[PDB]
Protein chains: 2
Amino acid sequence: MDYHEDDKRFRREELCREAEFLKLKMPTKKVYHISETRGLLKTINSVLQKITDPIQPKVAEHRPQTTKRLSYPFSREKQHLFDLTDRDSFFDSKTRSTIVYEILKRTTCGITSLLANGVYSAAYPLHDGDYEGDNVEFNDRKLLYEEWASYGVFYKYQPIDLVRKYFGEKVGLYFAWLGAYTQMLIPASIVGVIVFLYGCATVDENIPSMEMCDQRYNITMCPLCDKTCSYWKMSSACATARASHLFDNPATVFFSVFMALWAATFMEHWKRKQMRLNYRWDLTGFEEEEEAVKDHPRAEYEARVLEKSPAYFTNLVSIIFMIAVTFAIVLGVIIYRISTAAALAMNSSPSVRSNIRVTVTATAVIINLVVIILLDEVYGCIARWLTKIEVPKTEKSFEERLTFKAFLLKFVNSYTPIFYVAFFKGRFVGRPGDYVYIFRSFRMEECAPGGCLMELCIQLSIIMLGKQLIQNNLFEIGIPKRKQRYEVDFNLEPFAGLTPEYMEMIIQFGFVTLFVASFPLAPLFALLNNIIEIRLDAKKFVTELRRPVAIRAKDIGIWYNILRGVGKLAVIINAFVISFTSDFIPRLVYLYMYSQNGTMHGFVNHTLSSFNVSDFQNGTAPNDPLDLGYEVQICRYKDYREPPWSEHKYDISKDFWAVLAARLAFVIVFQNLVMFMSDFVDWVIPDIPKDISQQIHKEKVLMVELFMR
Amino acid sequence: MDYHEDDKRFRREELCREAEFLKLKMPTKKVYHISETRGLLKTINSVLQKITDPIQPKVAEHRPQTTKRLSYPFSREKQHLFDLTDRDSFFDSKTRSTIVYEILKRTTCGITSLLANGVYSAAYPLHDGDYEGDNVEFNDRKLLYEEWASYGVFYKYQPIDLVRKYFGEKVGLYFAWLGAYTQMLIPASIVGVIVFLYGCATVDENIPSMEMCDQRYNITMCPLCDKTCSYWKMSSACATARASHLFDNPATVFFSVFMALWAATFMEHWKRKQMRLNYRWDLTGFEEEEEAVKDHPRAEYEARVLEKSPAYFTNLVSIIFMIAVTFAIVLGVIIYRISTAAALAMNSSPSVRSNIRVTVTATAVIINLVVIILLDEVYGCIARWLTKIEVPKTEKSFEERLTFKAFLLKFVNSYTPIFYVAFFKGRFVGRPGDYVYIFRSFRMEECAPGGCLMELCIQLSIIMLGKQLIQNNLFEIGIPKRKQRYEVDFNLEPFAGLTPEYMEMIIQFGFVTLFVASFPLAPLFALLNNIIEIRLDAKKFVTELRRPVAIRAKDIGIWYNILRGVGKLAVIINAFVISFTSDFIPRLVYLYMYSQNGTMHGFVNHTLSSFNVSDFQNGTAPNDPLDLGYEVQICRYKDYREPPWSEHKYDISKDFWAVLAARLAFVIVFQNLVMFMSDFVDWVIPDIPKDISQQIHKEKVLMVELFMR
């Protein structure tokens with residue numbers, strides 16, 4: 001139980017005589033405006049503040065805000081500056097705490113650096129009543145828990161107006177945006193599953209997968225290892241071919257075009273939605289620059305340079321930042337190197353001959369992801385440290401700049417293994433004549449049997465699927481870190497902002513639009529993550545957290561630029577994934593230039609290249625030839641080269657240049673047309689809606705001609 | 001001589017009784033506000049209007065505008081709504097005519113459709129005094145002629161403030177923008193001439209031009225005609241090789257990168273410049289939509305549909321518009337076809353044997369350009385007609401939409417021959433085994449001897465150089481169409497807007513940034529056109545034209561979007577001009593893959609392909625073999641194919657695929673990096689300047705704290 005107050009205060013009861021000395025200076029300044037009262041309880045005492053009327057419209061008229069009017073045309077109230085209710089119970093606790101907090105910022109000797117100084121420990125508004133409990137008299141928070149934050153009701157809409165009224169415009173703006181994201185993922189997921197099912201239908205009626213799964217060929221490949229690997233049948237490893245056609249379907253290209261156009265129309269939908277929201281709440285964009293106090297070490301260094309009586313050191317630490325990005329890349333690839341080398345060439349010790357080499361990939365990805373998740377906090381801390389060194393101007397500039405520097409780091413270490421696997425995997429190894437040795441002592445890396453697409457898909461799928469669960473489970477074992485009202489809310493967690501909360505969503509959006517070329521069904525997994533995530537966040541904002549202060553923002557700001565950036569980067573990278581990785585272009589080239597008939601047959605016989613086994617470099621031979629055939633005289637590998645019985649052997653063939661030319665041509669055409677379409681749907685859909693335009697115009701007319709009297 | 005009036009009126013003295021009947025209705029409405037007086041003179045009488053004071057600040061306070069204040073902080077006067085001069089001679093004739101014109105628009109029974117109706121013939125403000133003349137008492141127009149509009153003083157700066165004060169914000173905005181364009185062309189031209197001179201230096205020290213100009217080879221090419229052409233020496237046509245190296249220099253690539261970055265920094269410079277101009281004149285962007293009356297056939301069709309008691313027919317005529325664009329393309333190429341066929345295979349008749357075939361190209365381009373310039377007015381008239389059929393909403397929407405539809409047409413017919421020559425010229429012809437016949441009766445077109453770059457350069461150079469002169473000279477032979485003050489100004493030309501005046505500048509900007517890949521030195525020619533053009537336009541606005549009405553705009557609007565569009569389109573098209581046309585990539589491929597040494601030699605011996613002359617299709621042989629050599633057994637052509645003594649003959653060789661792959665790879669890399677750099681310099685340079693920001697902030701502070709008293 002309490003009376004009707006606004007903002008709390010947590011002092012620390014017992015240098016320290018300076019803490020208690022200066023501690024009473026601030027409330028003497030607070031006698032002038034607010035009516036404060038304090039109390040004594042169990043362990044450490046607290047200070048209380050209550051607003052009185054005759055200064056509250058003084059501060060409410062200090063700034064221009066809108067409140068509901070007296071008149072109402074066409075079944076809806078209108079808004080104006082400050083008049084025509086007169087109840088003395090119409091100021092919401094959100095608004096009351098907002099005004100009180102503005103008085104807290106305005107006077108100083110600010111309370112922010114005073115709070116971080118050590119004299120005060122916390123400064124937070126309280127909430128009315130309690131979530132759930134017994135016999136509460138219709139709490140608003142209880143209503144919000146009963147309608148929004150429970151797992152039982154997930155499929156019903158966001159009650160966005162109530163959450164705006166109770167938590168403020170920023171939090172409500174976040175949940176509104178995530179609502180729009182999850183709502184836009186529905187047709188993306190449905191079309192995703194349609195494309196995957198069309199992949200499932202045409203499995204047993206294609207040419208390449210039959211020709212790989214066929215018996216009676218006795219065709220043998222080159223050993224793909226240095227020492228301890230033998231020759232192997234094409235018909236042996238044929239599951240990966242079946243799933244390969246399940247993923248590189250000629251409908252998946254259509255799905256990629258659909259996804260780029262989907263990202264663009266998502267941007268349009270959200271611009272339109274925040275436009276109508278900024279109608280419904282506040283539209284006056286004349287927010288005062290320089291109003292808030294500056295970041296205090298700029299004042300401290302201004303005292304230093306003021307004693308001395310630079311714009312170069314920031315550029316120097318920007319170069320330091322780029323250095324950090326580069327070794328973030330190469331350290332990422334090093335970590336993938338170690339993870340692939342979790343268990344290499346271990347066949348000599350057990351002699352049990354399992355040699356399945358499938359779960360090895362799974363351990364590589366899992367151990368890999370543990371290293372990413374552990375490294376991520378480190379990169380965040382380096383970001384805060386470096387940005388702290390930079391000494392920016394204000395609070396807003398500090399938050400913006402820190403946001404950017406955090407995002408680059410999480411982008412890099414979160415997407416570098418997928419870039420390594422999708423592109424640079426099995427390209428740089430030579431012919432069986434001469435292998436490319438790294439560290440000048442052993443071979444680089446061979447591809448997966450039948451294509452390096454499977455590692456991409458099962459690696460991608462459990463990052464996007466399981467990153468959250470591995471993060472939540474492992475994060476706690478790692479040591480990461482009649483009752484009175486303020487004593488309840490003191491024991492809650494503090495509030496830290498929304499940047500660690502937006503960040504995961506932007507990266508997830510990356511996993512959607514950056515790799516749906518080789519792997520469809522991705523918006524499905526993002527949706528299944530998303531439904532659980534939104535309600536988990538709601539339960540976090542109600543249960544485990546104290547109230548925020550509700551600073552009134554008008555748009556999310558930087559995150560829209562980051563989304564537009566990722567959504568524009570998507571196109572070129574999907575072009576390279578379709579052309580290079582997906583093995584789609586050699587099928588079309590073989591269907592148009594080397595057909596020998598109408599349709600394709602012997603595509604696999606076209607790709608392979610017939611090495612002569614007598615030409616290894618004295619020790620790169622297989623150790624024990626397995627002799628599945630009686631003997632073996634020639635092995636085959638897939639690199640488009642000429643057979644050895646021609647006068648030139650092992651050189652770069654004609655077909656390599658032909659297929660390379662076709663691949664690059666597809667990159668040009670795809671990138672240009674999809675840039676044009678994505679710019680087109682930007683141009684077509686109006687950023688402003690009609691209803692808001694004519695509705696604010698009608699409101700302006702009725703306000704003026706009702707106002708002149 | 002006159003007294004001090006503002007706006008004239010031209011009636012038509014003698015159905016007609018309705019003209020004189022309704023003609024007196026408007027001045028009876030004008031008795032209420034303005035003091036009008038009329039006169040009688042020579043041929044057809046006129047009506048005069050003079051403003052009086054006590055209604056003039058009524059209308060000046062009807063709208064918010066800024067006028068100079070009384071106070072001045074830091075050596076500069078400030079501005080505010082309307083107060084604190086009080087002279088009754090401080091309203092400029094521009095402003096007085098502006099207010100009078102607003103009263104002319106506001107009351108109706110509008111004067112615009114009344115003017116186009118037939119009752120009134122003209123309605124124009126007059127000017128003070130006269131340009132030049134004898135013993136004038138310091139005319140402002142005389143000052144402007146003496147300082148700005150004369151050819152004698154061209155190199156001195158634009159007096160932009162005076163022209164804003166005397167002609168208004170729109171005209172001054174035009175001349176300001178063109179000033180920025182011409183000023184930005186200086187370093188572009190200097191770097192252009194540096195690149196051309198670097199081309200001039202390295203002529204006699206290269207490999208390919210020596211190898212073409214060399215004697216002692218006796219190498220012969222295939223005849224390049226159907227019947228009446230013989231075999232020819234490579235050393236014969238060697239001027240075109242020399243100039244070819246003069247144009248496809250490996251420094252010209254650097255110049256192309258410089259030009260894309262130049263276009264982007266031009267956009268930044270002009271955004272910044274109109275920002276400071278909109279500081280100096282008017283910054284309140286809250287201009288009233290729907291204030292002006294609507295376009296009258298929308299009211300007429302609203303009367304029709306109002307009797308009946310569509311949004312599809314506009315889409316249908318948009319499809320009609322796209323049809324018009326397509327046959328504008330193909331008609332353009334047809335016209336080039338005719339112009340190339342101005343004199344074809346005429347060698348049979350004279351038997352004089354000149355056969356120079358150089359001036360033939362010149363006649364093709366000249367006749368071509370006559371056809372473009374004659375066709376251009378037709379396309380303009382179709383644009384006005386079609387847009388008239390569309391029936392838009394307002395005047396502003398009509399001007400915008402007509403602007404767009406005019407620009408597409410002039411873009412298409414102005415750039416289609418250069419697109420045909422640069423790309424599609426000599427690509428589609430086959431090998432000497434089988435030629436590609438168009439119309440199924442005769443051959444398509446061969447390339448120019450030694451490269452199709454010369455036709456591009458000499459065709460481009462005289463369009464951009466001579467289009468203006470041919471337009472001005474031919475345009476007049478084609479029949480294209482004590483004295484009192486208003487009788488002087490009646491005999492002047494009317495005013496038609498700025499769209500035919502912006503249009504030539506945007507197309508010229510196209511000729512700069514769209515084809516500096518194969519042809520440097522282009523900003524030089526644009527500069528030489530430009531200096532003459534700006535002063536010719538100034539002399540036009542002073543001498544041959546009556547005054548405009550000075551509608552206050554705040555930016556050029558649509559033309560900035562068109563400039564950004566062209567400047568963004570420049571990159572991809574420069575990539576294709578460098579890669580495909582410019583013959584730069586085969587030099588690099590030969591320098592890296594078929595070197596046989598360090599540097600290049602025998603590049604020409606590498607390119608040619610050795611056809612066997614015994615394999616023509618019974619009549620495609622040369623008619624009379626010229627027999628410059630005793631006999632001839634093999635001819636050579638440049639198409640990357642295999643010699644006939646191999647088991648495969650005349651097929652597509654390896655080198656064709658290799659060079660094609662290299663070309664497309666260059667297109668990808670160039671387009672992406674130059675998009676990134678052009679986006680980068682957009683991001684770096686601040687769109688807002690510092691001085692304007694802090695200066696308007698200081699003005700706001702001083703205005704408020706000076707205002708509270």
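The numbering scheme restarts from 1 for each chain and tracks the written sequence of that chain rather than necessarily the entry's numbering. Residues without coordinates are not displayed. Here every chain gets a letter starting at A, and every ligand a number starting at 1, in the order they are written. Here the side-chain values reflect all heavy atoms present in the structure, with hydrogen atoms and water set aside.

### A short note on the relation of the copies chain B and chain A
This is how the line gets drawn: Superposing the copies is done by minimising, in the least-squares sense, the deviation of their C-alpha atoms.
When chain B is fitted to chain A, the residual RMSD is 0.0 Å, and the transformation amounts to a turn of 180 degrees plus an axial shift of 0.0 Å. Taken together, these values place the two copies in the relation of a two-fold axis. Taking C-alpha positions as the reference, the residue of chain B nearest the rotation axis is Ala 661 of chain B, at 2.1 Å.

### Some thoughts on the environment of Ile 219 of chain B
Residues and elements named next belong to chain B. What counts, and what does not: Secondary structure elements are taken from DSSP: a helix is a run of H or I of four residues or more, a strand is a run of E of two residues or more, and numbering for both begins at the N terminus. Two residues form a contact once any of their heavy atoms are found within 4.5 Å.
By secondary structure assignment, the location of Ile 219 is in the loop between α9 (208–213) and α10 (239–247). Between the C-alpha atoms of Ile 219 and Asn 206, which are 13 residues apart in sequence, the distance is 20 Å. Those residues in contact with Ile 219, other than ones at most four positions away along the chain, are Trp 232, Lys 233 and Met 234.

### So, the interface of chain B and chain A
Note the following rule: Once two parts are joined, some of their accessible surface, as seen by a 1.4 Å probe, is lost; buried area is that loss totalled over both. Any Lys or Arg side-chain nitrogen found within 4 Å of a carboxyl oxygen on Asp or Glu counts as a salt bridge. N or O atoms within 3.5 Å of each other form a polar contact, as long as, within protein, one can give a hydrogen and the other can take it, and as long as residues adjacent in sequence are counted only when both atoms are side-chain atoms. Polarity classes work like this: nonpolar for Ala, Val, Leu, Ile, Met, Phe, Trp, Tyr, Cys and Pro, charged for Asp, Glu, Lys and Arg, and polar for all others, with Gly in that last group.
Taken residue by residue, the interface counts 17 residues in chain B and 17 residues in chain A. When the area that chain B buries against chain A is broken down by residue, the three leading residues are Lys 654, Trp 657 and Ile 668 of chain B, summing to 36%. Summed over the shared surface of chain B and chain A, the number is zero salt bridges. One can count two residue pairs in polar contact joining chain B with chain A. Broken down by secondary-structure element, the contributors of at least two residues to the side of chain B that touches chain A are α20 (558–581) and α23 (654–684) of chain B. When residues of the side of chain B that touches chain A are assigned to their parent elements, the largest contribution, 11 residues, is made by α23 of chain B. Its residues assigned to classes, the side of chain B that touches chain A comprises 13 nonpolar, three polar and one charged.

### A look at the packing of helix α10 (residues 239–247) of chain A against helix α16 (residues 453–477) of chain A
Residues and elements named next belong to chain A. Quick reminder of the rule: Think of each axis as a best-fit line through the C-alpha atoms, taken over the contacting stretch in the case of a helix, with angles from 0 to 180 degrees between the N-to-C directions. For this classification, under 35 degrees means roughly parallel, over 145 means roughly antiparallel, 65 to 115 means roughly perpendicular, and everything else is oblique. The sense of a crossing depends on the near helix, which, turned anticlockwise from the far helix by less than a right angle, makes the crossing left-handed and, turned clockwise, makes it right-handed.
α16 packs onto α10 with a crossing angle of 70 degrees between their chain directions and a minimal axis gap of 10 Å. As far as their axial angle goes, α16 and α10 are roughly perpendicular. The crossing of α10 and α16 is left-handed. Contacts from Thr 240, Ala 243, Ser 244 and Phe 247 in α10 reach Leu 453, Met 454 and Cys 457 in α16.

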